[PDB]
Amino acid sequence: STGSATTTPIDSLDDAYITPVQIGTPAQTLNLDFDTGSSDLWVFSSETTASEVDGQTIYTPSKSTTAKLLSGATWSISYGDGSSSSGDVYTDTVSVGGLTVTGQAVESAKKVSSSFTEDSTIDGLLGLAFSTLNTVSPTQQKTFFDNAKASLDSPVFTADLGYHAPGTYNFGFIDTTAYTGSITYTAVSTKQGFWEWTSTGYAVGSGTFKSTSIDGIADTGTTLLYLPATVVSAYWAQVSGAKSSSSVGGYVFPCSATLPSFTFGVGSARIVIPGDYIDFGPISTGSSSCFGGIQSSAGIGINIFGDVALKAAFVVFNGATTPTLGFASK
């Protein structure tokens, strides 16, 4: 089998991407944030505290003839931005772009933190990291991809995120028309539960490529590119007036600037992030200070190749017995 679904920016800055997902019978379509940095499929629901729901579409398990309570199961997750959610668990039929899994764990939120409430466009998350990170207790549950894998034509999914435009998540096949040149595959460590890999270096604009190993994760659920402070300083040093602002919480730059590109290495290959992709706009409405799309990972404990990096590439998440990651230009 295969599946294919379009993923769409939630706003004009590409802060996140949402993909429609069918849950239950009859189908209830929710717009979920596909997140290769976590492993829970959770949704706003009829059980979510009313004051914490503000415009989201909710899953109502009592209206699904295929929903079953997963008795005694609970979940609770907190993300690196300090947001969180928790609740109980149903199994139900879940379909993405034509690909169906029966008995998928659907984690129903009883509580969500303010950031989730405040984002009316995201109805939940669909985790695509390794199932070892799933938070359901006392019986850990599998991701949608892990459940689908064996049935897929090839045990893979691909992320083709757009810049200020829609893109595509495919399951079970590699669309050879979606990228230029070849796909370079690189080794993955699953030891921390992530799609963790080692970039071979970087360049700033037209500058000399620096060979240096950068361990990090491919994370579709993180907006920005988080890299070591040395690398990030080298980038922003090329932008007149750019500086790290403790009050704002990262590098800012004059909105009048034209940003240089940023290149990262994948083996002997190179992915080029255009400068425009690194502009996240005014720090507050009407400001002439703009927020940078490349930020230090110093506070995070891991480097993160988030959407800023991934949307410059066609990315293969290869879930073969020995997982790997592939990157192609596009």
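Sequential numbering from 1, following the sequence displayed.
Student: Compare the mean C-alpha B-factor of 250 to 258 with that of 112 to 120 as given in the PDB entry, and name the stretch with the higher value.
Tutor: Higher mean C-alpha B-factor: 112 to 120.
Student: Look over 149 to 157 and 220 to 228 in the entry and identify the one with the greater average Cα temperature factor.
Tutor: Comparing averages over the C-alpha atoms only gives 149 to 157.
Student: Would you mind checking which of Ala50, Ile294, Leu30, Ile271 has the top Cα temperature factor in the PDB entry?
Tutor: That would be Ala50.
Student: So among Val266, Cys290, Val43, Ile302, who wins on Cα B-factor in the entry?
Tutor: Highest C-alpha B-factor among the listed options: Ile302.
Student: Name the third of the chain's ranked CA B-factors that contains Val94, choosing lowest, middle or highest.
Tutor: For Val94, whose C-alpha B-factor we compare with every modelled residue in the chain, the answer is the lowest third.
Student: C-alpha B factor of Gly55, ranked within the chain: lowest, middle or highest third?
Tutor: Highest third - that is where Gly55 ends up once the chain's C-alpha B-factors are sorted.
Student: Which third of the chain holds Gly24 when residues are ordered by C-alpha B factor: lowest, middle or highest?
Tutor: Middle third, going by the recorded CA B-factors of the chain.
Student: By the recorded C-alpha temperature factor, relative to the other modelled residues in its chain, which third is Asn170 in?
Tutor: As the PDB entry reports it, the C-alpha B-factor of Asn170 lands in the lowest third of its chain.
Student: Lowest, middle or highest third: where is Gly281 by C-alpha B factor in its chain?
Tutor: As the PDB entry reports it, the C-alpha B-factor of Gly281 lands in the middle third of its chain.
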